[PDB]
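Just so you know, ligand 1 is whichever comes first in the structure, and atom 1 is the first atom listed for that ligand. Just the heavy atoms: all of them, side chains too, but no hydrogens, waters or symmetry mates, feed the values below. In what follows, every chain begins at residue 1, and chains take the letters A, B, ... in the order their sequences are listed.
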Amino acid sequence: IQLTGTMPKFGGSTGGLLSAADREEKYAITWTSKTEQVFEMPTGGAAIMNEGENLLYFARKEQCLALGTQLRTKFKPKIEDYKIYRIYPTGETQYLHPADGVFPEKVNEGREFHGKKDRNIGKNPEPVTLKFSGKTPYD
Amino acid sequence: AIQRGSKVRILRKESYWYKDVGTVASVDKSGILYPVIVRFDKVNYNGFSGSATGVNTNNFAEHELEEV
Amino acid sequence: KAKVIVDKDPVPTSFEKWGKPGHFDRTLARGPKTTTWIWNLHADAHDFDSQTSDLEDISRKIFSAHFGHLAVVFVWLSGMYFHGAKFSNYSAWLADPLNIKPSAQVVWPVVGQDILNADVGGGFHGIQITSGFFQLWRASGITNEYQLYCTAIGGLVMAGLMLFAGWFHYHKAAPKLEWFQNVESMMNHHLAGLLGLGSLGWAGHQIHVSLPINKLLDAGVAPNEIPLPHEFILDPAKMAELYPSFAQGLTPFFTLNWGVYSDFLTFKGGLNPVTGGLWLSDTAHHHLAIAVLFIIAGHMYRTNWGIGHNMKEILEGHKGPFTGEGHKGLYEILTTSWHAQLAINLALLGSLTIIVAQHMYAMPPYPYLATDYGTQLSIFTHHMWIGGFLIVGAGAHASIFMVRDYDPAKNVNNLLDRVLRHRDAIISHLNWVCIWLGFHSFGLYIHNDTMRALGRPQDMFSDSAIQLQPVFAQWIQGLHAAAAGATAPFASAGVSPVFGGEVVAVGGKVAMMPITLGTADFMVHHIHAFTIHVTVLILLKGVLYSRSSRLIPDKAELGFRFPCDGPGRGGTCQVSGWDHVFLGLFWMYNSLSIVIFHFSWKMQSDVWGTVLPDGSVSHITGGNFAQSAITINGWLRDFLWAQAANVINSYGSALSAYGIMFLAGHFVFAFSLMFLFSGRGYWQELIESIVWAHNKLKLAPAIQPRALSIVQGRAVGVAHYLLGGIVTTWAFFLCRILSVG
Amino acid sequence: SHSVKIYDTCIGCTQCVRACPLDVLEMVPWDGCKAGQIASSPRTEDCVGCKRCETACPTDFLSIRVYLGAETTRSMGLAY
Amino acid sequence: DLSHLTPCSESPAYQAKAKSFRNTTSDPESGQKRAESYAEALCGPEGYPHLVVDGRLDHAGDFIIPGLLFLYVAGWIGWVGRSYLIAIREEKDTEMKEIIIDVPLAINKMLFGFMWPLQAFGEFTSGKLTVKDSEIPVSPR
Amino acid sequence: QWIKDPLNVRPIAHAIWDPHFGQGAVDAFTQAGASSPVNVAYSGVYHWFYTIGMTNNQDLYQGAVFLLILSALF
Amino acid sequence: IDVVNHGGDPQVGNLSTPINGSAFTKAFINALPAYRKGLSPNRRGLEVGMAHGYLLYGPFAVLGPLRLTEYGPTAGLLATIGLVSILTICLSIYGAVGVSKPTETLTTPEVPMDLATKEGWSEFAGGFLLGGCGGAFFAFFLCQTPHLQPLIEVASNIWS
Ligand code: CLA
Ligand code: CLA
Ligand code: CLA
Ligand code: CLA
Ligand SMILES: CC1=C(/C=C/C(C)=C/C=C/C(C)=C/C=C/C=C(C)/C=C/C=C(C)/C=C/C2=C(C)CCCC2(C)C)C(C)(C)CCC1
Ligand code: SF4
Ligand code: SF4
Ligand code: SF4
């Protein structure tokens, strides 16, 4: 909410936000670091993680997690404390990536079964059974 | 009759080694759906493009097997 | 700062790793479970960066592999000199170089290939070579085949010496990492000691051997009464009876009385009227001048004694307002990454080979080089193809540098960082200039096809029709034709007869004519610029978007050589830096094919030909470049259809191997499209059907048969495409020019 | 939006979640496996369809399976 | 009876060509040897030898003898390959000597590969040549 | 004209109206005894019509009108 | 001194280069008929169409099928009128689909709000039609009334 953050010292590039970021949706990543180091933006080029907490905006979620992977791996201080948000041009902010506060590769209680089939993938219905209906054989 | 080291034939149609014989590495005694770990001589297709390696073991159920 | 330090015996010399393939990679060492292991064995055999992570071991492997490559090249050169010594008519060619074709390869008569031994003159049957080795040996002063046999023996000895050095520098005394980091000493010893001393030694050879032997050859003396080059040195009276300034000693060199050396160190400029080549006095003077210049340039960099530059403060001082920080970080880039060095060196060597091609046709350096049109066409085409391949490899290794050796920590706000920051503005404007050049270079041809088809010859882009005269190139030609005596007051003639003057002709054939540029030359030069620009666009787009893009931001973790990221985002097929090299190989094929087609038509129509006794020049095709090289139908009809009448009627003759190679290249080009058009998942399923039929008869192989990978499928397709097209053009060019030249 | 469906032949190796570049997948507890966890795809509207999860699956046929369906501005992965 | 195909000796187009047959080897009369050797074939209107492939005798040398010779040699190659492939299975390290060929076994397979049709008939009648459809990997439908 | 000399007269498919023709293309495509740029028929429906009983242009016109009525009926 | 800066916001994919937005390109792009502050549509379109119709009577008048014929200037006028009409139909259907607010860049921080509606783009299209017809006819009249006007002899001797 309201995204208190300062922007990394970046010289500005051409791979950043286009016109659809202020009209459809844009994304943000905030992360806290105790030292000043150099990172590579998915935008292009290199920028400076300044001391303290950082806020960057990107046009895609994949750019934000490509930054978050660079924040997790390949850094000796091993930054995991990053949060990814989605900002619509209305002003609404949706907090996205660490929803439970824990990374998705670590199991946590309180997460429910999404997309889980209690059947083998070979034990799928034939399409000829599901002709002329909206249902597709992976339902 | 399914025990560790017994040669066994796969009855999963979609498996790479359907109607092929592999050895049993371990059988799990807890209540899981696919307890029989079976290891094969051949390797699966699995891996990225250009990868020279692939997996050669999978979990299977009791009804997905037959002992030779 | 620059010292010699080595490790003694780092790698033992044993044959135990010879029988263990895939030892260099950890993934390749588990054993061949699938046939993808076999192709990965060859794909990653030379990629030393993926083998070891230590830059010292990588540099040691590179240094020792250079010696093996030099040994291979020396075996090749010794084989060429041995073929000149034993299986050639070089002694016959030196007597009558105007009516005997150069041949240096006989064909064994086991099947009907004895017809491939062409009748070339002097009672010798063999393949008419077009490599230009014979003219090179005539310019070197070689008069008999024993001097070629000695050079072949020396090439074998040098190849064995290079093999021993490659074994020595990897298994006995291998240099450390800091022996490679001091590029200051390396560049000083490559400028002064390799280029400078090499050109100084060749200048001395051309003073003492090439000049007297070639002046006696042009004076009309038969080569077996011409004295050997060592009594020219042992007895200076015979050396001083011609070019009589050898009567005085070396003291005018040391008292700076260089002008009395003007009889044998000339700046004549033009071509020799007797032989059609450059004056060897001009070449000896040229080699002496560039030897002095290269030796002077080899004293620029600081190695051990304080004087000199460090190639870093030069880079540190070069910074502007539009860039800011400047070239900081580039010295560490070029001294820690072998791929950036290969990308620079391969680009400059490719452009250098293209310069060599564009220079040796207009200023032929060798006696009777321009007379034999086959040699000139073959060396031009060969050096264009080699140069374009090296430029595309430079794009490749720049892409390999960007994902495997580029470090963003060392590159903040320098030139490379800012290129990555405005790569969209670079690539979009390059895309626009490619589209503009395509429209206003190819739509001119399309418009000319349309108006010539619609019966509108006055609506075309022709010399008679709407003119598009290249006024800048014509102005530059006028500047070069008037350069001798006005802006080069001490040149007897221009650098080449191309820019103006008179027809230089030797025998009955034209050595060189002026090459007038009209609407067709304008239009084909714009197609040259267009195709070069699109090749630049694909290669530079692979370089700049190698690490990341708006599509795939995490593309550096996928690597240089990966097929795709998946069918998502619409389908991310051929996103890698490798696939841009894969497409740039097709576009260099297109570019250099148009270049060599422009050459082979412009020289045949407007330069090459015979001289009538009246004085007019009857060219090979008849000057049809002015009116037919403006249309695609003219290029198809008057160049491809008309000049391939020799390659298809060559059967049952001495050039039938060229017709065979013509059809073979057509086959390989068509064979490429099976790999290029199809995909892996068809062939994996087909091989799955074959595996069951093998399983039915107990024919299951231990190494499981897999289809070729997606990158390997593209690599096989592009290699077959380039091979089939290049073999086709080689066969067409050589069989045309061995019949009309 | 694409459909990422996880089947019951899952060993809970978490390779699909670590291979996923847009946080589509996560691990939920599951009593039917030795690892005690199965993959789930809650925010599958963010799936581009790269099938890196299908690449990393070590089952003989993949327990996680991506079905490319309707295309949105996130499925195309468009920065514009 | 192939009345359109004349013998090359009686054909007056083959005799015009047979003067100018080029020598193929270093033997000077190789063209004359080819001219006399190709005269027993059938020549068309071109003057070139034709091959009749229907298994008849006095034309079995066109296809039947070269065909049977190739069938023997190809059966030799395939049987020695199948024998080596079978022999390297049941010894627990098969990919390494699939990639690096065990020469002393391959020589013994090769030089005893002349009796390939007898061994092929023995394996066919014994049933050890063909794998039953149960014990074989089959793709899904 | 074609039924008089089917072995010499070239069948005309249709006329050419092209704004892009120069004088050379109009002179070149004025063929088969026409005074206009016309295309030579290579589908060979002229032989078909002559064989099935068509003799003059009116029998072809009534067939074209009947086929228009049949298409409207369908 | 960094002459190449960002526009004030570095994470937006653009750079404030001298060519892009320095001092002389912010003006003269903000002072063109598009992006000028006080103009309404059917005046922006009028100015744009007049300039376009005037410039487009250059590759039709001396470059055409009739350029060696006295009907050549008239045919070039008719071709310019036809191209202006096609472009007006394109503008009209682009507006009739439905327009959004135009893209704001570093060079143009303020875009015309009057062109963000379908009614404004209809006025722009009508002004483009009247301007294009007027500019094409004015260029035709200027090229035709001296009947030689040797400035047209230049760039027709080039385009011979
Ligand atoms: C695939 C590799 C390949 C192949 C097979 C050949 C084969 C051929 N070349 Mg070639 N060449 C190539 C690549 C290739 N070259 C490259 C990459 C270059 C650029 C350096 C050249 C430049 C070159 C020239 C300049 C000439 C040949 C010539 C020859 C022909 C005779 C060979 C000979 O003995 O010339 C012997 C020729 C020489 C020794 C003269 C070369 C001296 C050069 C000017 C000095 C180069 C120094 C150094 C190695 C390069 C440093 C680069 C610098 C930017 C740092 C033969 C057709 C010759 C020819 O066409 O004769 C008819 C010829 O004069 N080549
Ligand atoms: C100085 C020259 C130079 C050097 C030494 C390098 C160095 C290397 N390159 Mg290469 N490269 C260059 C020139 C160079 N290249 C050029 C000219 C090209 C343009 C085509 C490229 C394009 C390029 C790409 C695209 C890639 C490399 C890569 C490699 C690496 C490993 C190569 C390997 O093991 O593959 C060995 C493979 C082969 C030898 C197969 C080549 C097959 C060719 C087509 C056949 C030769 C043609 C022949 C005449 C055909 C005759 C047919 C007849 C026999 C029937 C290594 C760093 C690879 C790499 O680093 O991967 C990460 C990589 O993918 N290269
Ligand atoms: C004849 C074959 C052909 C043609 C037409 C094209 C066309 C194109 N290639 Mg290429 N290419 C080809 C084969 C072909 N390629 C193959 C074999 C491969 C190798 C794998 C590729 C891969 C490839 C890549 C890798 C790239 C291209 C790019 C380009 C574009 C260059 C820009 C240009 O010239 O625009 C002008 C267009 C032309 C010259 C085509 C002729 C059109 C005429 C002049 C105009 C006629 C239009 C007509 C009047 C319209 C009215 C008709 C109406 C009924 C619709 C262009 C669209 C590049 C690109 O897009 O970036 C700029 C690029 O990146 N090519
Ligand atoms: C032991 C070796 C062996 C044997 C006996 C077979 C036998 C069979 N293959 Mg073949 N094949 C093999 C190796 C072998 N193949 C290899 C190496 C390849 C890869 C090039 C293939 C790829 C292949 C294809 C693509 C097809 C067959 C087919 C067939 C069948 C018909 C024969 C035929 O079309 O020959 C064709 C043979 C080839 C195209 C290549 C054979 C290469 C040599 C001759 C094999 C023997 C040499 C071996 C490499 C070394 C011997 C071991 C030695 C150390 C002792 C038959 C069941 C066809 C089928 O399914 O029919 C039912 C089919 O479509 N095979
Ligand atoms: C400045 C400048 C520039 C630009 C240039 C150009 C581009 C120009 C153009 C120009 C032009 C392009 C012009 C135009 C003009 C126009 C006009 C002048 C018009 C007018 C018209 C009119 C007036 C008309 C009228 C009418 C009408 C309306 C209707 C009725 C009829 C009439 C005809 C009467 C640049 C960029 C280089 C930059 C620098 C500066
Ligand atoms: S078709 Fe092949 S290259 Fe393209 S996305 Fe699918 S797997 Fe990748
Ligand atoms: S297809 Fe790609 S984005 Fe979608 S779940 Fe799989 S790995 Fe994640
Ligand atoms: S990668 Fe496959 S097996 Fe592993 S946890 Fe994910 S769904 Fe289960």
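Listed by atom number, the atoms of ligand 7 under 4.0 Å from D/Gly49 heavy atoms are 1 (S). Less than 4.0 angstrom separates some heavy atom of E/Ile101 from each of these atoms of ligand 4: 54 (C). Shown in contact with C/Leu697 at under 4.0 Å from a heavy atom are these atoms of ligand 4, numbered in order with element: 57 (C). The ligand atoms of ligand 4 that sit less than 4.0 angstrom from a heavy atom of E/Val80 are 55 (C). Of all the atoms in ligand 7, the ones that sit under 4.0 Å from a non-hydrogen atom of D/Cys20 are 3 (S), 5 (S), 7 (S), 8 (Fe). Close approach of ligand 3 to C/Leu583 (heavy-atom distance below 4.0 Å) involves ligand atoms 20 (C), 25 (C). Close approach of ligand 7 to D/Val24 is summarised as follows: ligand atoms under 4.0 Å from at least one heavy atom of the residue are 5 (S). Counting the atoms of ligand 4 from 1 in the order shown, those under 4.0 Å from a heavy atom of E/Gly81 are 1 (C), 51 (C), 52 (C). The contact set between ligand 7 and D/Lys51, taken as ligand atoms under 4.0 Å from a residue heavy atom, comprises 1 (S), 2 (Fe). Numbered from 1 in the order shown, with element, the atoms of ligand 7 that lie under 4.0 Å from a heavy atom of D/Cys47 read 1 (S), 3 (S), 4 (Fe), 5 (S). Counting atoms of ligand 3 from 1 in the listed order, those under 4.0 Å from a heavy atom of C/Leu537 are 61 (O), 62 (C), 64 (O). The contact set between ligand 3 and C/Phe442, taken as ligand atoms under 4.0 Å from a residue heavy atom, comprises 39 (C), 41 (C). Listed by number with element, the atoms of ligand 4 under 4.0 angstrom from any heavy atom of E/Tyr84 are 55 (C). Remark: ligand 3 atoms within the under-4.0 Å shell around heavy atoms of C/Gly443 are 44 (C). For ligand 7, the atoms sitting less than 4.0 Å from at least one non-hydrogen atom of D/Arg52 are 7 (S), numbered in the order shown with element in parentheses. Remark: ligand 4 atoms within the under-4.0 Å shell around heavy atoms of E/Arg82 are 1 (C).
Under the 4.0 Å distance rule, the nearest protein heavy atom to atom 54 (C) of ligand 4 falls inside the cut-off. Within a 4.0 Å radius of atom 31 (C) of ligand 4, the protein has no heavy atom. There is a protein heavy atom closer than 4.0 angstrom to atom 57 (C) of ligand 4. Within the 4.0 angstrom cut-off, atom 40 (C) of ligand 4 has no protein heavy-atom neighbours. Checking atom 1 (C) of ligand 4 against the protein gives a heavy-atom contact under 4.0 Å. Within the 4.0 Å cut-off (strictly below), no protein heavy atom is located near atom 35 (O) of ligand 4. Proximity of atom 61 (O) of ligand 4 to the protein is not indicated, since no non-hydrogen protein atom lies closer than 4.0 angstrom.
The structure places NE2 of C/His526 at 15.5 Å from CZ of C/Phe442, a figure rounded to the nearest 0.5 Å.
Judged by a 6.0 Å distance limit and a 45° cone about the ring axis, C/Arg423 is positioned over the six-membered ring of C/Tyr545.
Note on C/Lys696 versus E/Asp133: salt bridge recorded, some NZ/NE/NH1/NH2 to OD/OE distance being below 4.0 Å. The residues A/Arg86 and D/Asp46 are annotated as salt-bridged, a charged nitrogen and a carboxylate oxygen being separated by less than 4.0 angstrom.
Between C/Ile527, C/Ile446, C/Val534, C/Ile538, it is C/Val534 that holds the heavy atom closest to atom 28 (C) of ligand 3. Between the choices E/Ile86, E/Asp102, E/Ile77, the shortest heavy-atom distance to atom 47 (C) of ligand 4 belongs to E/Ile77. Heavy-atom proximity to atom 5 (C) of ligand 4, evaluated over E/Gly113, C/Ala693, E/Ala106, E/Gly78, is greatest for E/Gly78.
Within the coordination shell of atom 8 (Fe) of ligand 7, defined by N, O or S atoms under 2.8 Å, D/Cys50 is absent.
Between C/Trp587 and C/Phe530, the ring planes are perpendicular. Angles over 60° get that label, and only those under 30° would be called parallel. Taking the six-membered ring where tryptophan is involved, the planes of C/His42 and C/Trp39 are tilted, since the angle between them lies from 30° to 60°. Under the 30°/60° scheme for interplanar angles, the aromatic rings of C/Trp436 and C/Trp432 are found to be tilted.
Checked against D/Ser41 for a side-chain contact (heavy atoms from CB on, under 4.5 Å), the options D/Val24, D/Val66, D/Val17 give a single hit: D/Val24. Paired with D/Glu26 under the rule salt bridge (charged side-chain N to carboxylate O under 4.0 Å, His left out), one option of A/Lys106, A/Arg111, A/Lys116 passes, and it is A/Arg111.
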CA sep, side-chain torsions, deciding dist, call: C/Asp459, C/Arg452, salt bridge (charged side-chain N to carboxylate O under 4.0 Å, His left out): CA-CA 8 Å; C/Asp459 281 359; C/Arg452 184 155 292 166; over 6 Å; no

Verdict with reasoning, C/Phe461 to C/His447, per ring pair (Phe, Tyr, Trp, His ring centres under 6.0 Å): CA-CA 8 Å; C/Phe461 287 121; C/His447 164 89; 4.8 Å; yes

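For atom 24 (C) of ligand 3, the nearest non-hydrogen atom of the protein is C/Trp587 NE1, 3.7 Å. When only non-hydrogen protein atoms are considered, atom 11 (N) of ligand 4 lies nearest to C/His694 NE2, 3.7 Å. Protein heavy atom closest to atom 19 (C) of ligand 3, with residue, atom name and distance, is C/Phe586 CB, 3.8 Å. Looking from atom 43 (C) of ligand 3 to the surrounding protein, the closest heavy atom is C/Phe439 CE2, 4.4 Å.
Using 4.0 Å as the threshold, C/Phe530 has a heavy atom nearer than that to some atom of ligand 3.
Side-chain atoms of A/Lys117 never come within 3.5 Å of backbone atoms of D/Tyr7 as a donor-acceptor pair (strictly under, hydrogens ignored).
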